[PDB]
Trainee: 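Sharing a structure with you now.
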Amino acid sequence: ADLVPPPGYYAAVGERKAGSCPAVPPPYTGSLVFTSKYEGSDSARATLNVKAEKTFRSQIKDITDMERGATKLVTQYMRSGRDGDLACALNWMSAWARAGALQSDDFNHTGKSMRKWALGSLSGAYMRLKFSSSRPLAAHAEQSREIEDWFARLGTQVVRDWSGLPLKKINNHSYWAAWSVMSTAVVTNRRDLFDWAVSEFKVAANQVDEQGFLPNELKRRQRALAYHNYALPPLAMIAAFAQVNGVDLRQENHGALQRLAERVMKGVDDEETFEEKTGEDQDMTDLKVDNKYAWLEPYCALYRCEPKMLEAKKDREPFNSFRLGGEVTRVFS
Ligand SMILES: O=C(O)[C@H]1O[C@@H](O)[C@@H](O)[C@@H](O)[C@@H]1O
C-alpha cells in the first residue's frame, strides 16, 4: 500500500485573514564541512564555544534562511490560503531542487547533520502541501516532481550518512535523521526509506534503559536532560507516521518511547534523578522553551496521555517547530 501521513496532514488549506515573496536564498552547493559549536570540548561535547558557534551559524546561513523561510511560507499558506505564498514556497524549494543543493559528498559530522536537518524541515512542511484535501500542488506538477526527486536524492544520502554505525555513535542525530528519512519516505512513497526509519526507531527503543535513560545522551553531562528531551520529537514523529502505515512501534522494548517520555517529564519537574545519574546539576535552559515540547502532539496521538501529560500539552499549544515542518499542533488536531 502507498505510504500516507497521519490524517491531520490532509487538512484543507485555511482562509484566516499578506507578506511578499523574498528572494530565494542562494542554493547551497558547497561542501558540507562545517565548524562544530562545541569545538574544543572534551568527550562530553557539552562545552559551548561561542566563537565556533558564531562561525558555524555563519557558514550555514543560507541553509538556515532556507529552512526557516520555506517552512514559514508553507505555514502562512496553510493558514490563510494566499496563492502567492504557495507560489513562493514552491519557487524556493524547486530552486534548491534544480540546483541539487545539499548533495555534497564532501562532508564532516556537522555538515551531514545540516543535510538531514534541512531535509526534515522542508519535506515536513511540503507534506502538508502534498496531502492537503485542497490539492494545492495540482497546478504545479513540474515543480512538485523536481522537489520530490530532490528529497528522494537527499533521503538516500541521509541513509548513507548514518548507516553502519555502532550504538555508541547512534544518538539524537540518528533519530533526527530517521525523522527526515521517514518524512521523505511518505512524500516520495519510498518503502526503502520508510523501512530504514523504522529500523532506526527500533534501535533507539532498545537504547532506552530500564529507567528510561539514553546512555549516549547521559554522556552530555549537564545537558543530559535537554538532550533526552531533544530525542523525543523525531522518535514520536516516526512512531506516529509508522502507525498509520501499519507498523505499531509503541511497545518496542517494553514501551520504551513511553518510558523515555515519562523519565524526561519527571526530570523537568524534579532535576534530581538526572543529577544523580550524571553527577552534574542540569542546565535547565532548553527545558524552559515551550516549543521544545512539540513531541507531545504525536506522543499523545499514540498513547493515552495521563492528565499531567495532557496538561503539559495544553499549556504549551500551539506548537511551532520548523525542524518538524512547522505547525505540529495543527497536523495532529
Ligand atoms: O558536537 C557535536 O558532536 C554535535 O553536537 C550537536 O549538539 C550538534 O550541535 C552538531 O551540529 C554537532 O556536530
Side-chain angles (χ1 to χ4, degrees), residues 28 30-50 52-53 55-60 62-67 101-122 124 154 157-181 200 203-204 207 213-235 237 260 264 267 274 278 282-289 291-295 321-324:
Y28 191 91
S31 60
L32 298 165
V33 187
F34 300 135
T35 300
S36 168
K37 70 162 175 281
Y38 292 121
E39 188 181 84
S41 306
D42 54 13
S43 42
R45 301 298 297 179
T47 300
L48 188 62
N49 186 322
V50 178
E53 179 178 33
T55 303
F56 167 62
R57 303 249 186 260
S58 172
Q59 290 170 321
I60 64 166
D62 290 334
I63 303 169
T64 298
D65 288 346
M66 177 65 175
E67 283 187 277
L102 306 177
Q103 295 173 178
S104 185
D105 286 338
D106 299 325
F107 59 87
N108 60 1
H109 182 270
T110 304
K112 65 180 185 177
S113 292
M114 289 306 302
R115 166 162 46 230
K116 58 95 159 87
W117 274 333
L119 176 58
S121 302
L122 299 176
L154 293 180
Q157 180 66 36
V158 169
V159 168
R160 294 190 192 105
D161 294 338
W162 303 94
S163 286
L165 300 172
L167 284 183
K168 69 175 177 58
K169 296 189 175 183
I170 297 175
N171 72 349
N172 65 87
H173 280 286
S174 288
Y175 311 157
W176 278 97
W179 153 243
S180 299
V181 173
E200 290 290 296
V203 172
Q207 289 174 296
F213 295 108
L214 295 156
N216 295 340
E217 312 308 333
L218 287 174
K219 292 170 190 174
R220 308 307 284 279
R221 289 218 262 273
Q222 85 276 4
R223 298 180 192 266
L225 174 53
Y227 272 111
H228 282 68
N229 192 47
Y230 190 54
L232 280 170
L235 294 179
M237 292 291 277
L260 175 65
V264 163
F274 277 80
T278 51
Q282 296 292 291
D283 177 13
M284 304 298 296
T285 297
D286 285 349
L287 290 318
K288 297 187 192 307
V289 176
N291 276 323
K292 295 192 173 297
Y293 294 88
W295 59 264
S321 175
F322 73 95
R323 287 277 161 74
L324 296 180

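Note that these values count all heavy atoms, side chains included, but never hydrogens, waters or copies made by symmetry. When a ligand or atom number is given, it counts from 1 through the structure's own listing order. Sequential numbering from 1 along the given sequence is applied to the chain's residues.
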Trainee: Suppose I only count heavy atoms of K37 and a 4.0 Å limit; which atoms of ligand 1 are within that range?
Mentor: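 Checking each atom against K37, I get 7 (O), 8 (C), 9 (O).
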Trainee: Counting each atom of ligand 1 from 1 as listed, which ones have a heavy atom of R220 under 4.0 Å away?
Mentor: 5 (O), 7 (O)
Trainee: Among all protein heavy atoms in this structure, tell me which lies nearest to atom 1 (O) of ligand 1, with the distance rounded to 0.1 Å.
Mentor: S36 OG, 3.2 Å
Trainee: With atoms numbered from 1 as shown, which atoms in ligand 1 lie under 4.0 angstrom from a non-hydrogen atom of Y227?
Mentor: 6 (C), 7 (O)
Trainee: Could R220 and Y38 be counted as a cation-pi pair, given that NZ or CZ must be under 6.0 Å from the ring centre and within 45° of the axis?
Mentor: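 Judged by the rule (NZ or CZ under 6.0 Å from the ring centre, within 45° of its axis), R220 counts as positioned above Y38.
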Trainee: Among side-chain atoms of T285 and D283, is any donor-acceptor pair under 3.5 angstrom?
Mentor: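 Checked: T285/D283 side chains pair up, N/O donor to acceptor below 3.5 Å.
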Trainee: Identify the protein heavy atom lying closest to atom 4 (C) of ligand 1, giving its residue, its atom name and the separation to 0.1 Å.
Mentor: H173 NE2, 3.8 Å
Trainee: Below 3.5 angstrom, do we get any N/O pair linking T110 and ligand 1?
Mentor: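 Yes - when backbone and side-chain N and O of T110 are compared with those of ligand 1, one distance drops under 3.5 Å.
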Trainee: By number and element, which atoms of ligand 1 are closer than 4.0 Å to a non-hydrogen atom of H109?
Mentor: 13 (O)
Trainee: Could you check whether the rings of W295 and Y293 sit parallel, tilted or perpendicular, using 30° and 60° as the cut-offs?
Mentor: tilted
Trainee: Below 4.0 Å from ligand 1: does a non-hydrogen atom of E39 turn up there or not?
Mentor: no
Trainee: Are side-chain N/O atoms of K116 and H173 paired as donor and acceptor at under 3.5 Å?
Mentor: yes
Trainee: If you define the side chain from C-beta out and look only at heavy atoms, does anything of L102 sit under 4.5 Å from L32?
Mentor: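 Of all side-chain heavy-atom pairs linking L32 with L102, at least one is under 4.5 Å.
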Trainee: Do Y175 and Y230 touch side chain to side chain, with heavy atoms closer than 4.5 Å?
Mentor: no
